[PDB]
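Notes follow once the structure below has been shown.
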Amino acid sequence: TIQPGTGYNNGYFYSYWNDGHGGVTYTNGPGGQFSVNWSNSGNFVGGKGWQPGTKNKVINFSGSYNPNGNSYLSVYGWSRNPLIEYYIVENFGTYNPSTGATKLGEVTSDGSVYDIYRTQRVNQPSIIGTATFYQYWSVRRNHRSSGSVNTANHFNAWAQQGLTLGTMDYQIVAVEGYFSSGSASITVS
Amino acid sequence: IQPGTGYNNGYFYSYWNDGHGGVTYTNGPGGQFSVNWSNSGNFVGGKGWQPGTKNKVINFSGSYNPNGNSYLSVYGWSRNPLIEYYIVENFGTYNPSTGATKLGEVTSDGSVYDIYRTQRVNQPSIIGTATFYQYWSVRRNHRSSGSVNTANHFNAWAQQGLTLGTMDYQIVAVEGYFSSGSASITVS
């Protein structure tokens with residue numbers, strides 16, 4: 001009933017994307033809440049937040065996150081000029097999504113050490129169309145499904161290692177899945 | 001001893017420096033060598049084989065105490081194509097793969113290694129000044145003793161399209177770069 005796309009719900013921006021593989025139900029709830037239920041999904045990512053995001057937003061989230069297989073829960077966003085995709089990963093399922101990415105260093109924020117990484121995406125889908133761009137990762141060592149993310153600590157850590165922010169695009173708390181099943185119910189503020 | 005190559009107590013050795021001063025390379029009994037350095041320039045030296053092989057299992061043991069920029073590695077070259085390579089087992093204050101292009105990961109001898117390549121442009125080499133690629137495997141679990149199955153690295157590199165030519169020397173080496181330290185390493 002909610003199809004892949006973007007828009008606003010109950011005051012919050014939301015984005016939902018899938019590869020058309022079937023097996024994902026994304027729902028928007030009251031306020032900053034969204035749920036995802038999935039079963040033998042393909043690749044998807046969806047959630048609530050802001051458009052545009054900012055370089056110093058403190059993002060609060062709370063709820064339940066129950067992946068069965070490949071999945072992660074993150075602050076997810078994009079920047080323009082240069083085109084950048086980024087993830088501050090708060091929890092993941094059966095696969096560490098930083099695997100294969102180049103480690104850049106570490107940062108401490110909001111009660112955990114994070115490992116930071118970058119990888120190059122070549123001719124991949126993006127907010128401006130097929131493109132080659134860098135994808136930044138900050139992966140929390142102490143997994144959780146509630147908390148507060150001071151995005152500035154991660155942007156500062158990435159910038160130390162090559163990141164430049166031109167103009168911010170969207171910035172959401174998102175659940176990603178990749179050929180897996182699960183449920184999640186997350187509220188953003 | 002002075003910068004050069006040779007054999008000592010059954011082992012090939014190579015010692016190179018940039019002329020800056022501040023480093024002593026010493027050959028010891030059997031497969032042992034030591035390095036002591038203090039405000040050095042750039043150097044690399046150690047013991048092993050000439051030529052090395054693409055399936056050698058290399059054993060090293062001892063003490064490695066860098067104070068600054070340094071690494072401990074299986075170090076060697078191939079010819080045709082000219083390739084310089086490092087399987088880095090430990091390092092000091094700087095990750096020598098910094099800025100190199102990551103090609104993948106390989107698990108070997110008790111650790112995940114990150115695999116990289118970079119290009120050296122008009123740089124010193126075993127055949128003179130040249131431009132050539134440099135392959136890296138960098139151990140995540142740092143150690144100063146252990147066993148290196150070189151085939152696991154060479155095969156992983158090949159899978160990422162990193163061809164090796166005819167093998168030249170292959171040693172366990174201590175490198176330093178504008179730093180101080182001591183090391184005592186025995187190869188077998």
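Here's how to read the names in the structure tokens: chain A, B, ... by the order shown, residue numbers from 1 in each chain, ligand numbers from 1 in the order shown.
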
- Find the residues around residue 9 (chain A) up to 10 Å (only C-alpha atoms counted), leave out those fewer than 5 positions away in its own chain, and share them as a VMD selection string. chain A and resid 14 28 to 34 48 to 49

Residues as selected, C-alpha atoms, written as a PDB file, in the first residue's frame, can you do that?
ATOM      1  CA  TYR A  14      10.387   9.393   4.496  1.00  0.00           C
ATOM      2  CA  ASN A  28       4.454   4.746   8.225  1.00  0.00           C
ATOM      3  CA  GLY A  29       3.067   5.199  11.727  1.00  0.00           C
ATOM      4  CA  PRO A  30       2.123   8.139  13.976  1.00  0.00           C
ATOM      5  CA  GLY A  31       4.711  10.905  14.392  1.00  0.00           C
ATOM      6  CA  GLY A  32       8.215   9.699  13.597  1.00  0.00           C
ATOM      7  CA  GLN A  33       7.348   5.989  13.616  1.00  0.00           C
ATOM      8  CA  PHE A  34       7.735   3.514  10.789  1.00  0.00           C
ATOM      9  CA  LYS A  48      11.922   8.467   8.393  1.00  0.00           C
ATOM     10  CA  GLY A  49      13.824  11.673   9.002  1.00  0.00           C
TER      11      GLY A  49
END

Considering only C-alpha atoms, tabulate each residue of region 31-135 of chain B that lies at most 6 Å from region 161-177 of chain B along with its nearest interatomic pair and the corresponding distance in Å to one decimal; arrange the rows by chain and ascending residue number and present them as a Markdown table.
| residue | atom | partner | partner_atom | distance |
| --- | --- | --- | --- | --- |
| B:41 | CA | B:177 | CA | 5.4 |
| B:42 | CA | B:177 | CA | 4.3 |
| B:43 | CA | B:176 | CA | 5.4 |
| B:44 | CA | B:175 | CA | 4.2 |
| B:45 | CA | B:173 | CA | 5.0 |
| B:46 | CA | B:173 | CA | 4.2 |
| B:47 | CA | B:171 | CA | 5.0 |
| B:48 | CA | B:171 | CA | 4.0 |
| B:49 | CA | B:170 | CA | 5.3 |
| B:50 | CA | B:169 | CA | 4.3 |
| B:51 | CA | B:169 | CA | 4.7 |
| B:52 | CA | B:170 | CA | 4.7 |
| B:69 | CA | B:177 | CA | 5.3 |
| B:70 | CA | B:176 | CA | 4.2 |
| B:71 | CA | B:175 | CA | 5.3 |
| B:72 | CA | B:174 | CA | 4.8 |
| B:73 | CA | B:173 | CA | 5.5 |
| B:74 | CA | B:172 | CA | 4.5 |
| B:75 | CA | B:171 | CA | 5.3 |
| B:76 | CA | B:170 | CA | 4.2 |
| B:77 | CA | B:168 | CA | 5.2 |
| B:78 | CA | B:167 | CA | 4.3 |
| B:79 | CA | B:166 | CA | 5.1 |
| B:80 | CA | B:165 | CA | 5.2 |
| B:81 | CA | B:165 | CA | 5.3 |

Per-residue nearest contacts chain B to chain A, cut-off 7 Å, using only C-alpha atoms, as a tab-separated table:
residue	atom	partner	partner_atom	distance
B:102	CA	A:102	CA	6.3
B:104	CA	A:100	CA	5.9
B:105	CA	A:100	CA	6.8

- Query: Running DSSP on the backbone, which parts of region 2-167 of chain A land in strand (DSSP E or B), as JSON, numbers by chain?
  - Reply: {"A": [5, 6, 7, 8, 9, 12, 13, 14, 15, 16, 17, 18, 24, 25, 26, 27, 28, 33, 34, 35, 36, 37, 38, 43, 44, 45, 46, 47, 48, 49, 50, 58, 59, 60, 61, 62, 63, 64, 65, 66, 67, 68, 71, 72, 73, 74, 75, 76, 77, 78, 79, 80, 84, 85, 86, 87, 88, 89, 90, 91, 92, 102, 103, 104, 105, 106, 107, 108, 109, 112, 113, 114, 115, 116, 117, 118, 119, 120, 121, 122, 123, 124, 131, 132, 133, 134, 135, 136, 137, 138, 139, 140, 147, 148, 149, 150, 167]}

- Task: Can you pull out every residue within 12 Å of residue 188 (chain A), counting only C-alpha atoms, but drop anything in the same chain fewer than 2 positions away, and send it as a ChimeraX atom specification?
- Result: /A:10-14,28-35,47-50,58-63,74-75,145-149,171-174,185-186

The selected residues should be written to file as a compact mmCIF listing (two decimals), in the first residue's frame (atoms: C-alpha atoms).
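The resulting again-v6.txt:
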# COMPACT_ATOMS: atom_id res chain seq x y z
CA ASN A 10 3.05 13.03 10.15
CA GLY A 11 5.64 15.79 9.81
CA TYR A 12 8.58 13.58 8.86
CA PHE A 13 10.24 13.02 5.52
CA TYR A 14 10.39 9.39 4.50
CA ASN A 28 4.45 4.75 8.22
CA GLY A 29 3.07 5.20 11.73
CA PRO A 30 2.12 8.14 13.98
CA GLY A 31 4.71 10.90 14.39
CA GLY A 32 8.22 9.70 13.60
CA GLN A 33 7.35 5.99 13.62
CA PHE A 34 7.73 3.51 10.79
CA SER A 35 7.66 -0.27 10.58
CA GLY A 47 12.79 5.05 7.00
CA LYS A 48 11.92 8.47 8.39
CA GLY A 49 13.82 11.67 9.00
CA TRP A 50 14.58 14.94 7.24
CA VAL A 58 21.38 15.10 16.87
CA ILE A 59 19.14 12.22 15.84
CA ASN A 60 17.12 10.29 18.40
CA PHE A 61 15.63 6.86 17.70
CA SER A 62 13.89 4.14 19.68
CA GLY A 63 12.18 0.82 19.10
CA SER A 74 21.39 3.17 10.48
CA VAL A 75 21.32 6.88 10.11
CA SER A 145 18.22 -0.22 18.58
CA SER A 146 17.59 2.95 20.61
CA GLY A 147 19.81 5.92 21.34
CA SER A 148 21.02 9.29 20.15
CA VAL A 149 23.35 9.94 17.22
CA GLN A 171 18.94 12.11 6.25
CA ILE A 172 16.83 9.36 7.79
CA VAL A 173 16.84 6.53 10.30
CA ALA A 174 16.52 3.51 8.03
CA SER A 185 9.42 -0.79 14.52
CA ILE A 186 11.36 2.45 14.89

- Nearby residues (only C-alpha atoms) at most 9 Å from residue 106 (chain B), same-chain spacing under 5 positions excluded, as a PyMOL selection string: chain B and resi 111-115+137+152-153+156-157

Just the selected residues (N, CA and C atoms), exported as a PDB file, in the first residue's frame, please.
ATOM      1  N   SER B 111      44.776 -14.771  10.950  1.00  0.00           N
ATOM      2  CA  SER B 111      44.258 -13.413  10.869  1.00  0.00           C
ATOM      3  C   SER B 111      43.644 -13.076   9.521  1.00  0.00           C
ATOM      4  N   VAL B 112      42.698 -12.142   9.515  1.00  0.00           N
ATOM      5  CA  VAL B 112      42.306 -11.469   8.281  1.00  0.00           C
ATOM      6  C   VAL B 112      43.404 -10.471   7.900  1.00  0.00           C
ATOM      7  N   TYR B 113      43.715 -10.434   6.604  1.00  0.00           N
ATOM      8  CA  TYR B 113      44.626  -9.464   6.004  1.00  0.00           C
ATOM      9  C   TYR B 113      43.839  -8.588   5.034  1.00  0.00           C
ATOM     10  N   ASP B 114      44.150  -7.297   5.005  1.00  0.00           N
ATOM     11  CA  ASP B 114      43.616  -6.418   3.982  1.00  0.00           C
ATOM     12  C   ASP B 114      44.615  -6.337   2.825  1.00  0.00           C
ATOM     13  N   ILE B 115      44.100  -6.450   1.604  1.00  0.00           N
ATOM     14  CA  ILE B 115      44.907  -6.470   0.386  1.00  0.00           C
ATOM     15  C   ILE B 115      44.862  -5.136  -0.342  1.00  0.00           C
ATOM     16  N   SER B 137      49.694  -7.097   1.634  1.00  0.00           N
ATOM     17  CA  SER B 137      48.733  -7.736   2.534  1.00  0.00           C
ATOM     18  C   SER B 137      49.084  -7.260   3.933  1.00  0.00           C
ATOM     19  N   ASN B 152      48.938 -18.279   0.107  1.00  0.00           N
ATOM     20  CA  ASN B 152      47.619 -17.733   0.404  1.00  0.00           C
ATOM     21  C   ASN B 152      47.514 -16.277  -0.027  1.00  0.00           C
ATOM     22  N   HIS B 153      48.609 -15.536   0.116  1.00  0.00           N
ATOM     23  CA  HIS B 153      48.661 -14.135  -0.281  1.00  0.00           C
ATOM     24  C   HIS B 153      48.815 -13.966  -1.779  1.00  0.00           C
ATOM     25  N   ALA B 156      45.552 -14.919  -3.377  1.00  0.00           N
ATOM     26  CA  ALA B 156      44.555 -13.876  -3.165  1.00  0.00           C
ATOM     27  C   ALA B 156      44.811 -12.668  -4.063  1.00  0.00           C
ATOM     28  N   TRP B 157      46.068 -12.237  -4.143  1.00  0.00           N
ATOM     29  CA  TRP B 157      46.465 -11.159  -5.052  1.00  0.00           C
ATOM     30  C   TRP B 157      46.122 -11.472  -6.508  1.00  0.00           C
TER      31      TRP B 157
END

- Point-to-point distance in Å for CA of residue 136 (chain B) and CA of residue 122 (chain B):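 If I compute the distance from CA of residue 122 (chain B) to CA of residue 136 (chain B), I get 19.0 Å.
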
- Message: Need the shell around residue 90 (chain A): protein/DNA/RNA residues with any atom at most 7 Å away, counting only C-alpha atoms. Skip same-chain ones fewer than 4 positions apart. Format as a PyMOL selection string?
- Response: chain A and resi 73-74+139-140+143-145

Those residues with N, CA, C and O atoms, as an mmCIF file, in the first residue's frame please?
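Below is the file out_7.cif, written as the result:
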data_model
loop_
_atom_site.group_PDB
_atom_site.id
_atom_site.type_symbol
_atom_site.label_atom_id
_atom_site.label_comp_id
_atom_site.auth_asym_id
_atom_site.auth_seq_id
_atom_site.Cartn_x
_atom_site.Cartn_y
_atom_site.Cartn_z
ATOM 1 N N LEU A 73 20.493 -1.327 10.640
ATOM 2 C CA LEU A 73 19.729 -0.193 11.154
ATOM 3 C C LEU A 73 20.705 0.960 11.231
ATOM 4 O O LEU A 73 21.748 0.825 11.874
ATOM 5 N N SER A 74 20.413 2.071 10.550
ATOM 6 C CA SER A 74 21.387 3.166 10.485
ATOM 7 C C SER A 74 20.765 4.540 10.353
ATOM 8 O O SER A 74 19.604 4.685 9.983
ATOM 9 N N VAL A 139 30.557 2.289 11.799
ATOM 10 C CA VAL A 139 29.890 1.095 12.319
ATOM 11 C C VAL A 139 30.072 0.969 13.830
ATOM 12 O O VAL A 139 31.194 0.802 14.321
ATOM 13 N N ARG A 140 28.966 1.056 14.563
ATOM 14 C CA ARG A 140 28.996 1.016 16.021
ATOM 15 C C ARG A 140 29.422 -0.365 16.488
ATOM 16 O O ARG A 140 28.893 -1.366 16.022
ATOM 17 N N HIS A 143 26.237 -2.769 19.544
ATOM 18 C CA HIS A 143 24.973 -2.709 18.803
ATOM 19 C C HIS A 143 23.801 -2.346 19.697
ATOM 20 O O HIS A 143 23.735 -2.787 20.854
ATOM 21 N N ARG A 144 22.864 -1.571 19.153
ATOM 22 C CA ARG A 144 21.691 -1.123 19.901
ATOM 23 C C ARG A 144 20.575 -0.768 18.914
ATOM 24 O O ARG A 144 20.827 -0.614 17.704
ATOM 25 N N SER A 145 19.345 -0.646 19.414
ATOM 26 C CA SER A 145 18.217 -0.222 18.584
ATOM 27 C C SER A 145 17.439 0.960 19.182
ATOM 28 O O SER A 145 16.322 1.258 18.746
#

- Task: Rank nothing, just name the residue among A:123, A:138, A:160, A:132 nearest to residue 89 (chain A), using only C-alpha atoms.
- Result: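 Going through A:123, A:138, A:160, A:132 one by one, the smallest distance to residue 89 (chain A) is for A:138.
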